[PDB]
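Chains as they are written, first to last, in PDB author numbering: chain G, 1 to 110, 127 to 252; chain A, 58 to 273; chain C, 166 to 219; chain B, 559 to 616.
All C-beta atoms, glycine included, are put in the ideal place defined by N, C-alpha and C.
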Amino acid sequence: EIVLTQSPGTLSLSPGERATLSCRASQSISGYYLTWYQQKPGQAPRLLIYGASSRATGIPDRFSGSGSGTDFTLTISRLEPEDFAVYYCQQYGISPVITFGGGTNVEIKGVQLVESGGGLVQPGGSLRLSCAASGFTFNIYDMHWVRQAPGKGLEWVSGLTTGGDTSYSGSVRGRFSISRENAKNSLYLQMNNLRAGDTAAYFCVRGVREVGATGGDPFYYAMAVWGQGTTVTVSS
Amino acid sequence: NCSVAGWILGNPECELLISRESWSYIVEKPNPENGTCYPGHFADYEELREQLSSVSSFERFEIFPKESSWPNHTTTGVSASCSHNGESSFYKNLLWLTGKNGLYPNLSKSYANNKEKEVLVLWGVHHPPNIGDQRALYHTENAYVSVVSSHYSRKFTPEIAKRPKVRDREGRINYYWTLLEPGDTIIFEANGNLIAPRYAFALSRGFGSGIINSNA
Amino acid sequence: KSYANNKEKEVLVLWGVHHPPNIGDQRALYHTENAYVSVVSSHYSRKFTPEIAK
Amino acid sequence: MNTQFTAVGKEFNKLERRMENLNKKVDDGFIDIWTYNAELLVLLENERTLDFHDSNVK
Ligand SMILES: *[C@@H]1O[C@H](CO)[C@@H](O[C@@H]2O[C@H](CO)[C@@H](O[C@@H]3O[C@H](CO)[C@@H](O)[C@H](O)[C@@H]3O)[C@H](O)[C@H]2NC(C)=O)[C@H](O)[C@H]1NC(C)=O
Ligand SMILES: *[C@@H]1O[C@H](CO)[C@@H](O[C@@H]2O[C@H](CO)[C@@H](O)[C@H](O)[C@H]2NC(C)=O)[C@H](O)[C@H]1NC(C)=O
Ligand SMILES: *[C@@H]1O[C@H](CO)[C@@H](O)[C@H](O)[C@H]1NC(C)=O
Ligand SMILES: *[C@@H]1O[C@H](CO)[C@@H](O)[C@H](O)[C@H]1NC(C)=O
């Protein structure tokens with residue numbers, strides 16, 4: 001899937017101010033296709049906006065966007081020091097491959129998952145992670161594992177639909193391996209042949225309602241919810 | 058353990074068994090376990106059983122390949138009750154269709170026989186349990202389908218109907234089918250809310266063979 | 166509106182579909198020239214959208 | 559007798575009780591008629607067999 005281009009990776013602005021951010025791709029890419037996030041360093045991501053217009057749950061009404069085709073845009077009605085944060089640009093490829101903009105700091109001038133196993137290994141070695149589910153039906157949604165080096169643009173390691181169609185990146189594939197358990201309500205990621213590119217924080221991520229199930233659940237082509245992630249490192 | 062529904066449609070817990078080209082008679086139990094994983098009305102169940110009482114020739118082919126039939130509608134979604142060893146799936150012989158990131162155009166497609174044998178075709182009509190699926194997937198509260206032939210034709214325009222949980226499903230898709238002879242054509246037209254054919258059943262008739270319920 | 170069985174016996178239900186002889190009844194009573202009914206079940210279901218017929 | 563390559567049974571919904579109770583009555587009608595004719599045939603044929611033997615010895 002296509003390379004993106006955020007605009008800007010950091011900005012510095014004052015209170016009582018708008019903020020225009022433009023994430024644009026190589027090709028023209030149809031616009032119920034992106035979703036937009038924030039994150040405080042120390043906190044996991046949070047969901048804000050989807051499909052270049054429309055707005056998530058648990059919300060003000062200030063962040064509002066537009067744009068289409070190649071150039072997608074999220075604008076901001078008002079700035080506040082509580083917003084001091086890196087905002088992200090995450091798109092679902094038709095090649096079923098999430099792609100990532102590299103985060104955009106706002107500087108202001110004057127139910128759940130749980131991860132398992134994050135830590136150290138030797139390089140060239142082997143280690144597994146798990147995740148486990150709480151208070152929903154892990155049957156339904158389309159899952160993704162994600163990585164993040166500290167203060168860097170994200171990278172999408174892997175994800176899988178409930179019908180078993182995998183998607184990895186061509187560099188990462190073969191070295192990582194996933195497996196899913198719905199009856200257990202848990203997820204697995206056995207990993208081998210690990211190098212310093214894997215020295216980063218990771219996240220387990222619950223995505224998309226596949227087609228069909230009982231609930232008061234809509235769907236987007238966005239995330240559903242994140243996990244709190246965990247650090248993984250090779251060293252000696 | 059399978060139903061006729063689970064057999065014909067492509068339930069992954071039911072062995073498809075394309076190698077079974079023809080046979081002596083049909084064997085079931087009285088109380089078949091595996092009906093449809095996503096429930097729904099299946100009209101003229103009796104008639105299809107009687108039509109499939111017998112076999113002279115019978116086989117499975119790919120009327121519309123999943124590849125290249127539906128570029129402009131996303132094809133690959135499934136549901137989790139329809140599953141295989143605890144992993145989600147959907148019936149082999151059929152397809153969902155939905156938009157290209159919420160981009161539903163409407164369809165008109167068709168097929169007529171070149172094989173010179175008789176043909177058996179299935180499709181479905183979507184009844185969501187809530188409206189947000191309807192607007193989100195297909196982007197019309199309007200429904201209108203027209204499945205058309207010389208002899209048979211019919212249209213469908215459903216609404217939402219809040220049904221109870223059945224196999225963790227309030228939604229329904231009502232299944233609809235027909236025979237089709239050599240020379241004759243089918244058309245499908247729709248503004249969505251469809252189950253389309255991937256594979257269709259080529260056949261000749263048979264005579265005199267039939268159906269058993271039995272646990273022996 | 167809806168109903169399902171708690172009695173565990175079988176049930177027999179009736180209803181009707183209105184065809185006025187004039188339109189002033191239609192607008193006055195119900196305030197739609199449109200008619201659309203949907204009586205729905207698992208096995209049986211059907212809809213109705215009639216007009217006036219003198 | 560002539561035994562066809564037959565399929566006996568059927569099944570129906572509850573919106574065709576006409577065909578259900580009909581096909582019941584139809585089939586039971588046939589079953590009873592074969593039953594009656596056959597049973598009288600066994601009784602009478604065995605009677606005529608006794609008479610056949612009796613006559614031969616006489
Ligand atoms: C094929 O038939 C089998 C046998 O009936 C189906 O498996 C059974 O499905 C029932 C559905 O009610 C399962 O009970 C349910 O269990 C879940 C928890 O997993 C719970 O949420 C429900 O409330 C209900 O208790 C039952 O455990 C299950 N048994 C086995 C051995 O699988 C199967 O689903 C059918 N498959 C298809 C593709 O039709
Ligand atoms: C048909 O249904 C029976 C249900 O009685 C299934 O029986 C199960 O078999 C598995 C092993 O195959 C056992 O682990 C379960 O405990 C059995 N359950 C019961 C209730 O007997 C049987 O497997 C099914 N067969 C097919 C081919 O679907
Ligand atoms: C999809 O729509 C475009 C419209 O430009 C058309 O060129 C293409 O043939 C369409 N494909 C299908 C499968 O309808
Ligand atoms: C889809 O249906 C609407 C309904 O009026 C119609 O205007 C439009 O032209 C249809 N499009 C196609 C591609 O059939």
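Check, Outcome
"C-alpha distance - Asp590(B) paired with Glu574(B), whole-angstrom precision", "24 Å"
"Those residues which DSSP pairs with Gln43(G) across a bridge", "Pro41(G)"
"Simplified DSSP state of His183(A), which is helix, strand or coil", "strand"
"Chain A residues whose Cβ lies nearer than 7 Å to that of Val205(C)", "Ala218"
"The region 93 to 126 of chain A: positions lying closer than 7 Å to chain C by Cβ", "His98"
"Cutoff 8 Å: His208(C) Cβ touching any chain A Cβ", "yes"
"Buried versus exposed, by CB contacts within 10 Å (16 or more), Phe235(G)", "buried"
"Between the CA atoms of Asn571(B) and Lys212(A) - distance to the nearest angstrom", "23 Å"
"Alpha carbon of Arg106(A) to alpha carbon of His98(A), nearest angstrom", "15 Å"
"Where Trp234(A) falls: helix, strand or coil (DSSP)", "strand"
"Where the beta strand (DSSP E) through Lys212(C) begins and ends", "210 to 213"
"Minimum Cβ-Cβ distance from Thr182(G) to chain A less than 8 Å", "no"
"Nearest-angstrom beta carbon gap, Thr35(G) and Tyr50(G) [assumed within contact, 8 Å]", "4 Å"
"Cross-chain neighbours of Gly265(A) in chain B, by beta carbon under 9 Å", "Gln562, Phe563, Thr564, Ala565"
"For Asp586(B) and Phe610(B), the rounded distance between their alpha carbons", "35 Å"
"Boundaries of the beta strand (DSSP E) in which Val162(G) is found, first to last residue", "159 to 164"
"beta-carbon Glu603(B) near ligand 2 non-hydrogen atom, thresh 7 Å", "no"
"Cα-Cα separation, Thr230(G) to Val162(G)", "28 Å"
"Integer-rounded CB distance, given that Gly9(G) should sit under 8 Å from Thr104(G)", "6 Å"
"Near ligand 2: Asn58(A) beta-carbon under 7 Å from a heavy atom", "yes"
"Chain-ordered chain C contacts of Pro89(A) [CB-CB under 8 Å]", "Per Cβ cutoff of 8 Å: no residues; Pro89(A) is ~17 Å from chain C at best."
"Bridge partners - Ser132(G), DSSP secondary structure assignment", "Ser146(G)"
"Beta carbon of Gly101(G) nearer than 8 Å to that of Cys220(G)", "no"
"Terminal residues of the alpha helix (DSSP H) in which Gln108(A) lies", "102 to 108"
"Presumed contact (8 Å Cβ cut-off) between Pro96(A) and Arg226(A), rounded CB distance", "6 Å"
"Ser261(A) versus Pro215(A), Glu238(A), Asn199(A), residue with shortest Cα-Cα distance", "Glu238(A)"
"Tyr157(G) versus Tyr232(A) - alpha carbon distance", "26 Å"
"Buried/exposed call for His184(C), threshold 16 Cβ in 10 Å", "exposed"
"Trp172(G), buried or exposed, once every other Cβ within 10 Å from all chains shown has been counted against 16", "buried"
"Cα-Cα separation between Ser68(G) and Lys40(G), rounded to whole angstroms", "28 Å"
"Short CB-CB distance (under 8 Å) between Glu569(B) and chain A", "yes"
"Helix, strand or coil at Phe84(G) according to DSSP, with G and I counted as helix", "coil"
"Burial state of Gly186(G) (16 or more Cβ within 10 Å)", "exposed"
"Residue burial classification, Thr131(A) (beta-carbon count within 10 angstroms, cutoff 16)", "buried"
"Helix, strand or coil at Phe147(A) [DSSP, three-state]", "coil"
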